[PDB]
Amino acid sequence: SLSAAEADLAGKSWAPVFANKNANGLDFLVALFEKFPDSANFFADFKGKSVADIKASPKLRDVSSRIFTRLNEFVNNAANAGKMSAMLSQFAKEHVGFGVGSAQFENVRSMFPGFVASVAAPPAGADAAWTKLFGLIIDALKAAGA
């Protein structure tokens, strides 16, 4: 886990993003696919398709939402190793099932801070809190076999 301090910083930077959940959740998903095109392949309707096709999809919102709703729960529990344990196991177990592994989260990690910053400048130290949090995610993926 993260320390309460770290956790606070991550929450603080997240607040503005989550404020506009629907629009921001969609933008995050699109930004990922733009920066890391290979990632669209892990999704049926999105593979073959262009970012423009994705943006136009009636499925976008359902996909990106689930992502934001879970991230929010990770942000909430970050400083409680216990909750994280369980959350991390279940998250990795689910992704590996789909063929997604840490390399994909290394990508998320890479572009995350920049994404948050495009919404509102984060507090000092928030960038490191997210990398740490994504770190926890990457490690869980590696333990789950990918």
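Note that residue numbering begins at 1 and tracks the sequence as displayed. So that the term is clear: the rigid core is the largest set of C-alpha atoms that superpose within 1.5 Å between two forms.
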{"query": "Rigid core superposition result in 4 other deposited structures of this protein, more deviant of 43-51, 28-36 by Cα", "finding": "43-51"}
{"query": "Between 117-125 and 22-30 (mean CA B-factor, as deposited), the higher", "finding": "117-125"}
{"query": "Mean C-alpha B-factor comparison - 60-68 and 91-99, higher one", "finding": "91-99"}
{"query": "Peak C-alpha temperature factor (PDB record), options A81, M111, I54, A40", "finding": "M111"}
{"query": "Cα B factor band for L133 (lowest, middle or highest third within the chain)", "finding": "lowest"}
{"query": "Third of the chain, ranked by Cα B-factor, where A7 sits", "finding": "lowest"}
{"query": "Chain third (lowest, middle, highest) by recorded CA B-factor, residue given as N107", "finding": "middle"}
